[PDB]
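Numbering of residues begins at 1 and proceeds along the displayed sequence. We count ligands from 1, going down the list as the structure has it; atoms in each ligand are counted the same way. For the numbers below, each heavy atom of this structure counts, side chains included, while hydrogens, waters and symmetry mates do not.
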Amino acid sequence: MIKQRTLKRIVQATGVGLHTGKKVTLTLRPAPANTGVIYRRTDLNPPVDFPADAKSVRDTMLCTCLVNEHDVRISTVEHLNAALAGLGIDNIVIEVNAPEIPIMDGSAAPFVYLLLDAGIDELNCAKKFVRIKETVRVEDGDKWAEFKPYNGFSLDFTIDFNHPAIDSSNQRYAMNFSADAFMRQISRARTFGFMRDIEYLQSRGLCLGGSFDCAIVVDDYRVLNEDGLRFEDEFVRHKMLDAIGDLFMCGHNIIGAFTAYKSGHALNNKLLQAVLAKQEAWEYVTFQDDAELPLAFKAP
Ligand SMILES: C[C@@H](O)[C@H](NC(=O)c1ccc(C#CC#Cc2ccccc2)cc1)C(=O)NO
Ligand SMILES: C#Cc1ccc(C(=O)N[C@H](C(=O)N=O)[C@@H](C)O)cc1
Ligand SMILES: [Zn+2]
């Protein structure tokens with residue numbers, strides 16, 4: 001039986017918040033079967049829990065956030081969330097003593113190492129997958145995202161950039177998902193931003209944790225970071241990282257074929273909710289027989 005997974009031990013890291021520019025302490029905790037992914041603010045007293053659920057997401061100006069019933073929020077969850085998907089973590093409590101997850105280097109890679117430090121504990125309860133069994137498509141003008149039936153997990157992402165620092169041969173990315181592929185191809189791809197916009201935000205007391213150390217920054221013409229890009233197509237790799245984090249907001253791996261054009265957090269979440277709302281478009285599946293498990297979701 002393919003089992004749910006949590007961490008073996010509690011681990012911590014510190015880093016600055018993108019929004020606040022202050023030091024945030026991130027604590028990752030084991031959790032029992034079926035409890036899912038929980039984000040928790042411990043700056044607030046009493047602490048506030050935010051279960052990861054598609055309906056709770058908001059696409060904020062910077063990154064994303066989860067909200068509770070009172071519109072209290074926890075922000076910048078999606079890069080860590082993508083790392084959870086990458087390493088096949090099902091149940092976990094994620095605490096920060098702040099309103100946001102630390103931005104780290106702008107990618108998911110620092111979370112990969114943190115999760116490896118925490119180890120894996122297999123729990124004695126079947127891991128449930130969401131199997132796509134009907135095609136589901138959503139649109140926003142010229143943008144679209146769709147899931148189609150497919151015995152695996154694939155992502156085909158095109159971005160539509162007209163920035164000079166992003167060439168045509170670097171506008172689409174497609175991959176068969178796996179833990180190894182996520183770790184090596186995707187996890188180090190950093191977020192990105194427009195310098196003038198960042199300057200504007202920082203002039204209004206926002207995005208104060210922004211630096212060259214946490215993002216690719218371009219002006220009108222070029223990448224400003226001294227060392228350039230980690231991948232020639234880092235921008236689209238990062239948007240695939242974001243899609244993986246967006247989709248895992250349901251707390252389950254999805255067996256299907258994901259294709260998106262000029263999609264982003266809002267449209268990805270729109271697709272996720274559309275699928276889940278259509279009772280006949282999907283079903284939970286488990287694998288009592290390990291061998292039936294699609295290649296995409298084999299352990300790291
Ligand atoms: C990609 C998009 O969807 C999104 N990224 C953001 O919203 C975002 C916005 C700003 C920054 C930044 C910065 C900075 C800086 C800096 C550099 C040098 C000097 C001063 C400031 C990073 C991410 C994202 O990746 N969501 O997952
Ligand atoms: C707050 C805020 C804020 C949010 C978004 C923008 C924005 O759309 N900036 C433009 C843009 O082209 N960015 O790449 C042009 C105007 O540079 C500007 C300010
Ligand atoms: Zn991102």
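For atom 19 (C) of ligand 1, the closest heavy atom belonging to the protein is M195 CE, 3.6 Å. Shortest contact from atom 16 (C) of ligand 2 to any protein heavy atom: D197 OD1, 4.6 Å. Among protein heavy atoms, atom 27 (O) of ligand 1 sits closest to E78 OE2, 2.4 Å. Looking from atom 7 (O) of ligand 1 to the surrounding protein, the closest heavy atom is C63 N, 3.0 Å. Residue, atom and distance of the protein heavy atom nearest to atom 3 (C) of ligand 2 are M61 SD, 4.4 Å. At the top of the distance list for atom 3 (O) of ligand 1, counting protein heavy atoms only, stands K239 NZ, 3.0 Å.
If you look at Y284 and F129, their ring centroids are not closer than 6.0 Å.
Within the 4.0 angstrom cut-off, atom 6 (C) of ligand 2 has one or more protein heavy-atom neighbours. For atom 12 (O) of ligand 2, no protein heavy-atom neighbour is found at a distance under 4.0 Å.
Remark: side-chain polar atoms of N268 are not paired, donor with acceptor, to backbone N or O of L247 under 3.5 angstrom. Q4 places a side-chain N or O within donor-acceptor distance of the main-chain N or O of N34, the cut-off being under 3.5 Å. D121 contributes no side-chain N or O that, together with a main-chain N or O of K8, makes up a donor-acceptor pair within less than 3.5 Å.
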Practice problem: Please lay out, stage by stage, how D53 and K55 fare under the test salt bridge (charged side-chain N to carboxylate O under 4.0 Å, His left out). | Solution: CA-CA 5 Å; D53 191 277; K55 289 157 165 178; 5.5 Å; no

Practice problem: Go through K133 and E280 one step at a time and tell me if the salt bridge (charged side-chain N to carboxylate O under 4.0 Å, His left out) criterion holds. | Solution: CA-CA 8 Å; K133 56 185 217 174; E280 286 306 304; 3.7 Å; yes

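Of the options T191, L224, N225, the smallest heavy-atom separation from atom 22 (C) of ligand 1 is shown by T191. Distances from atom 15 (C) of ligand 1 to the heavy atoms of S211, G245, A215 put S211 nearest.
In summary, the atoms of ligand 1 found under 4.0 Å from a heavy atom of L62, numbered by their order in the structure, are 7 (O), 9 (C). Within ligand 1, the atoms closer than 4.0 Å to a non-hydrogen atom of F192 are 1 (C), numbered from 1 in the order shown. Close approach to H265 involves these atoms of ligand 1, each under 4.0 Å from a residue heavy atom: 3 (O), 24 (C), 26 (N), 27 (O). For ligand 1, the atoms closer than 4.0 angstrom to any heavy atom of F212 are 17 (C), 18 (C). Atom numbering of ligand 2 starts at 1 in the shown order; those under 4.0 Å from a heavy atom of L201 are 1 (C), 2 (C). Which parts of ligand 1 touch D242 is read off a 4.0 Å heavy-atom cut-off, strictly below it: atoms 3 (O), 24 (C), 25 (O), 26 (N), 27 (O).
For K148, the NZ atom sits in a loose shell: 12 or fewer heavy atoms of surrounding residues, nucleotides or ligands are nearer than 6.0 Å. By the 6.0 Å contact criterion, CZ on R73 is open, its count of non-hydrogen atoms from other residues, nucleotides or ligands being 12 or less.
For the 3.5 Å distance criterion, the side chains of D142 and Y261 fail to qualify, holding no donor opposite an acceptor. A donor atom on one side chain and an acceptor atom on the other are not found under 3.5 Å apart for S178 and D180. Side-chain contact of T259 with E146: a donor-acceptor pair under 3.5 Å is absent, judged by distance alone. Using modelled atom types, one finds a donor on one side chain and an acceptor on the other under 3.5 Å when comparing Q185 with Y173. Neither side chain, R196 nor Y200, offers a donor N or O lying under 3.5 Å from an acceptor on the other.
Taking the centre and axis of the six-membered ring of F157, the NZ or CZ atom of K239 falls outside the cone set by 45° and 6.0 Å. A cation-pi contact, defined as under 6.0 Å to the ring centre and within 45° of the axis, is absent between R131 and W282.
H238 pairs by the ring pair (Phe, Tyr, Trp, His ring centres under 6.0 Å) definition with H79, not counting sequence neighbours.
Under 4.0 Å from ligand 1, not a single heavy atom of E199 appears. At a heavy-atom cutoff of 4.0 Å, ligand 2 is contacted by no atom of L206, backbone or side chain. Under 4.0 Å from ligand 2, not a single heavy atom of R204 appears. The side chain of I198, and not its backbone, has at least one atom closer than 4.0 Å to an atom of ligand 1 (non-hydrogen atoms only; side chain from C-beta on).
Counting only protein atoms, the N, O or S atoms lying less than 2.8 Å from the Zn ion (ligand 3) are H79 NE2, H238 NE2, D242 OD1, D242 OD2, ordered by chain and residue number.
Nearest heavy-atom pair across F177 and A85 is CZ-O, 3.7 Å. Nearest heavy-atom pair, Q12 versus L114, reported as atom, atom and distance to 0.1 Å: O-CD1, 3.9 Å.
By the 4.0 Å heavy-atom criterion, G264 is excluded from the residues contacting ligand 1. Using a 4.0 Å cutoff on heavy atoms, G210 counts as a contact of ligand 1.
Considering backbone and side-chain N/O atoms, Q202 never comes within less than 3.5 Å of an N/O atom of ligand 1. For ligand 2, the polar-atom distance check against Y200 finds no nitrogen or oxygen pair separated by under 3.5 Å.
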